[PDB]
Amino acid sequence: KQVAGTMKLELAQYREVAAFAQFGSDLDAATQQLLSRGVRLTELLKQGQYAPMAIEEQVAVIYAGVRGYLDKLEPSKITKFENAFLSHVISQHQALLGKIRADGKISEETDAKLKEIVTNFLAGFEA
Amino acid sequence: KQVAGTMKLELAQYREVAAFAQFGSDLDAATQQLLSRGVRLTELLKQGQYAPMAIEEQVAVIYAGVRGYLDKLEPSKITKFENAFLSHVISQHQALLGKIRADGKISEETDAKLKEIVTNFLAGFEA
Amino acid sequence: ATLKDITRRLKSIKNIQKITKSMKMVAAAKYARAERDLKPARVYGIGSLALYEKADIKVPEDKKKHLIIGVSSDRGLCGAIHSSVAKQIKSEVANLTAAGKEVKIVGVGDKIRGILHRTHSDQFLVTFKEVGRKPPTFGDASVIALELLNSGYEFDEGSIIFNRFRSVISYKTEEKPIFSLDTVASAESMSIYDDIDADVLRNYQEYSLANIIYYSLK
Amino acid sequence: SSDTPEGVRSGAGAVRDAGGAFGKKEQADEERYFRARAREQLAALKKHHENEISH
Amino acid sequence: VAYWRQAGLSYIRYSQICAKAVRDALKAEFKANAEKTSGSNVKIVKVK
Amino acid sequence: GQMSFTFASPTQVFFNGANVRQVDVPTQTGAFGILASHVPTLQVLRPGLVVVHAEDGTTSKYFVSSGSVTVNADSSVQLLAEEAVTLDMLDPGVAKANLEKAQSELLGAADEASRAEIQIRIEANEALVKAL
Amino acid sequence: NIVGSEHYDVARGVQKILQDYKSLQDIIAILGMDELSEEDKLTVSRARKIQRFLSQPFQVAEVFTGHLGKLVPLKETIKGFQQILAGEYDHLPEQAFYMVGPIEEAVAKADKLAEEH
Amino acid sequence: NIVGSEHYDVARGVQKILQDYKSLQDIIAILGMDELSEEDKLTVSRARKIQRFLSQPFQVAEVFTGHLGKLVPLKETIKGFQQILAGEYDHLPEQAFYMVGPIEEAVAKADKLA
Amino acid sequence: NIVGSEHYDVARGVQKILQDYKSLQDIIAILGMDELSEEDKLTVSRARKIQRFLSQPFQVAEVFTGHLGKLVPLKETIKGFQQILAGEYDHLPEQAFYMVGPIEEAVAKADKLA
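Chains as they are written, first to last, in this note's numbering: chain A, -2 to 124; chain B, -2 to 124; chain C, 255 to 472; chain D, 1243 to 1297; chain E, 9 to 56; chain F, 24 to 155; chain G, 523 to 639; chain H, 3 to 116; chain I, 3 to 116.
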């Protein structure tokens, strides 16, 4: 509820402005922040088959994109980013996900603790 | 029958060119005239509820419009002009609306007598 | 489909059909006006050009700067008008860069700037919008030509691209040069001429810049 | 059809009720134009001088 | 060279003023043809 | 003889390929006369009247504002002007009042180029009255 | 004769500008928004503020929204809509009227959006 | 899993460029071709060759048109839809892609209409 | 093979000339009049003679409109339109053809004008 409430409201503003297929005005600073964020949030919602993720793993994927840590990547590589980032959390950071599950909520100690690992990953993932 | 035979032809020429009103300023002066009479004849046709008129008062209001005595008055004032003009001719020209009710037709004597009436009222009107 | 689906799609192509009939008679009465007003502006446009044909003038070997003036409208719905002049401006810039010349371009329409906003966003000088709603006049050919001088960019050759039409059906995108520099207009074919100095030719060569824009705008 | 009272005739507001290509091209053009007017009317609304003295 | 020269002006800036005075000396009948030309409609957009 | 005189406003055309033997033009750097074979020049205009002498008995008293006279190698001229009106469209009465008001702002001009703009305005109204 | 002549010419003034907004959407689909004239770029922007001002945050829908429950009286509903029609709020964007109560909160919500630029 | 990760990715790119072409047919029919974008004059210009590359001359229909019946392998109908979705063949007309076998006969047909 | 070749090629040309006036009436209404050729100005003039020569006063209306009711046999109607097409009676004005009987009464009405 603390991470999807500001994901739903960023998709609702994407569907209203991205129905053209014929753009004539370049609003590069005005709406291209809004119209090129919802492309990343949509491809974050794709999934495979017979692979149900856990609830605390789901927060660590949505939070990586709603606060804007994916806005530099190419759109063809966001699905490649996630199946590499899914491995880096489930192996080395198990006690972090044990706190999100057992408490049931994310707190301010956990919020900045979750902020660093996505920045160390993005500084190391790109080649 | 005498006045409404031209009104029926005038309104029918307006409904042909009603689709040019939304973006029209680069048209011929006849077409700008055909729009100008069609809007002002429409405002004569509107009528409040539970106010039925007389045929002698009906023919006078149509005679004021189909002749050309309204193409300089603003299209929003055609309702206020009509309620002012009708209360005038009931009290101050009652002896003309007894020579169209009893005669049935409109002669050449009443054609001139009605002609200076709508020219006297239109001259000093806006006050 | 269902009966409710057929009726709703059928009514929607009635309104699109009625509106494009109304927008045919509107833009045809704007055409007959622009045909009458061209013939006084043709000979006045021909006469201001007519000095350069009775002289062998050409930009001889190499000059350091350049201007391309792209002439179009601020409106759409006109087919391949804007796409042709955007095709001709990209052909000339890619050819002159083989000679090492620095090129600065200027668009007098919105839809020239909107197309070229990606590839050439750093080679713009100024852009002039609100063009084509009202008919063009000579004062707007003086507003543009004044600001082409007092900008800080001192250039030495140039050219203008526009759509000179042949008939109702067929137009043509064309090319005309602008000898703006006084010294390239100081050649063998001007020594025959009279007492014109570099101050009189400075005032005269500026005025023919406002007469090629008004020719292009009509 | 339409040249009689019987046949189908189209009313006003029938491109948006269809919901097709032109019905979606109209909604995203009223929004991408009135998004810039929420910029110019909000940037000039910060030019109240009494607020700047409070700043 | 004149006073509009050597002070930093252009010949269009000369030609704007002396043609504007002719449109002020016209009568009431031919004032609409001075309103007709009146070519101040082009906007200015420089990116900086 | 064997000349061509062209006189065109932006919006209207007076003469097209019809020459009459003598054209009087007010040049920026003086004045000149065209007499069927003048040595060609490229001159620009000052505010002043153009009196084209028609063959046709009489003359033609036009009044240009700022244009360009191009007499060329073959005997043919091209006089193009911006505001080329006749005499009867102008009023003398408004032209008298416009002079001294622009002289009043001449002392009240603090800058050096803004005062130079005022010197342009008084010159055009000076040729306005004396042509009338 | 029942709701008074002041409420009556406000109700029909709202429906007339909404119905005339419907016929204008058929032009924008082919022409566009910017190619319209300046006179009917204003009757659209007055209509869009009337669409959004009608939406009110309900009380029993707090668990859907989180917003608070408003209850505008009758004398304030008419005076809110006279001023959008007459043009006394042409200096605000459309978002300042979405999910508000009376017209007083439409300008308080207008400034709070401005400062976060 | 069953058909692979390379067969599955080219087969889903074909159904993506043919669905976006299907959503523009309501506009191309009214406002023509000159009202699209510049990147959307490439979805149209590529889907109109994949449509013609899904044509094939059959073997039992030799007595209809008199053309030879062609058979392709499965490994070569993956290579034909990669060199179109990438943009390797953006210098050929659409009618050169019409009624052929594998991708090598498409370039052996465009040299005829030279 | 039913009404013969004399009825056929007369009544065929009437409906063809009445189409050319239907197609040229739109350029004149939108663009203007004088741009079209001199060979087309006669087709505009002749088709306003033909579509008024189709009028005919009836015997049932003798009391009201005052004219005389005309009953035209078959061999006059074919002979009439065979001459209007060839430009044989083109110099006469338009109102000589309005509301007449045969072609004989047409030239007897051009004399009464002025």
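No residue lacks a Cβ here, since even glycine has one placed at the ideal position from N, Cα and C.
Whole-angstrom C-beta distance between residue j and residue i, which should lie under 8 Å
i, j, result
"C:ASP449", "E:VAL9", "Going by Cβ atoms, the distance from C:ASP449 to E:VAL9 rounds to 14 Å, so no, they are not a contact pair."
"F:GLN51", "F:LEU68", "6 Å"
"B:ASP23", "C:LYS293", "Not quite, the Cβ-Cβ distance comes to about 19 Å (not below 8 Å), so this is no contact."
"E:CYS26", "F:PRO33", "E:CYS26 to F:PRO33, Cβ: 16 Å. No contact."
"E:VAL30", "C:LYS383", "Contact doesn't hold; Cβ gap of about 30 Å is too wide."
"C:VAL385", "C:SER470", "That pair is no contact at about 12 Å."
"B:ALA61", "B:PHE82", "7 Å"
Of the listed residues the options, nearest to residue i (C-alpha basis)
i, options, result
"C:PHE419", "C:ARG367, C:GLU428 and C:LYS383", "C:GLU428"
"F:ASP97", "F:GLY116, F:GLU106, F:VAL62 and F:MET112", "F:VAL62"
"G:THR587", "G:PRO595, G:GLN578 and G:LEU593", "G:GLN578"
"I:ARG54", "I:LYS114, I:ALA31, I:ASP113 and I:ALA108", "I:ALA108"
"F:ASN121", "F:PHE38, F:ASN148 and F:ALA132", "F:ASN148"
"B:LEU31", "B:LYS74, B:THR39 and B:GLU7", "B:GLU7"
"G:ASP562", "B:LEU38, B:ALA18 and B:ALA51", "B:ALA18"
"C:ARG263", "D:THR1246, D:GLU1248, D:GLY1262 and D:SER1296", "D:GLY1262"
"C:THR373", "C:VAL397, C:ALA295 and C:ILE343", "C:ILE343"
8 Å Cβ cutoff met for residue i and residue j
i, j, result
"G:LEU540", "G:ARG568", "no"
"F:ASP47", "F:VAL87", "no"
"C:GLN377", "C:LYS365", "no"
"A:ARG98", "A:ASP68", "no"
"C:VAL325", "C:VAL339", "yes"
"B:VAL58", "B:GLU79", "yes"
"H:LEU26", "H:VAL46", "yes"
"C:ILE466", "C:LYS426", "no"
"G:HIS639", "D:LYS1289", "no"
"F:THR29", "F:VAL100", "yes"
"E:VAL50", "C:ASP394", "yes"
CB contact below 8 Å: residue i versus chain F
i, result
"C:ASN404", "no"
"E:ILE25", "yes"
"C:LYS308", "yes"
Own chain, CB closer than 6 Å to residue i, minus 5 neighbours either side, in chain order
i, result
"B:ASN117", "none"
"B:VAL36", "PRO72"
"I:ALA112", "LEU94 and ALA98"
"C:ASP310", "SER443"
Proximity test, Cβ basis, 8 Å: residue i and chain C
i, result
"A:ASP100", "no"
"F:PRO70", "no"
"E:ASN41", "no"
"F:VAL36", "yes"
"I:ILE32", "yes"
Any C-beta of chain A under 8 Å from that of residue i
i, result
"H:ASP36", "no"
"H:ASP42", "yes"
CB contact below 8 Å: residue i versus chain B
i, result
"G:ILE549", "yes"
Any chain E beta carbon closer than 8 Å to residue i
i, result
"F:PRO49", "no"
"C:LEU400", "yes"
"F:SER88", "yes"
Contact set for residue i: own chain, Cβ-Cβ below 7 Å, skip 5 residues either direction
i, result
"H:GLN85", "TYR91 and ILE105"
"C:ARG456", "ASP436"
Interface flag, residue i vs chain G, CB-CB below 8 Å
i, result
"C:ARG367", "no"
"C:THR427", "no"
"B:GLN19", "yes"
"C:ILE270", "yes"
Beta carbon proximity, residue i to chain H, threshold 8 Å
i, result
"D:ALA1280", "no"
"residue 1302 of chain D", "Any answer about residue 1302 of chain D is impossible in this case: the structure gives chain D only from 1243 up to 1297."
Contact with chain D by residue i, beta-carbon distance below 8 Å
i, result
"A:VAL115", "no"
Same chain, Cβ closer than 8 Å to residue i, five either side skipped, listed in chain order
i, result
"E:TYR22", "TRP12"
Cβ of residue i within 8 Å of any chain I Cβ
i, result
"C:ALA281", "no"
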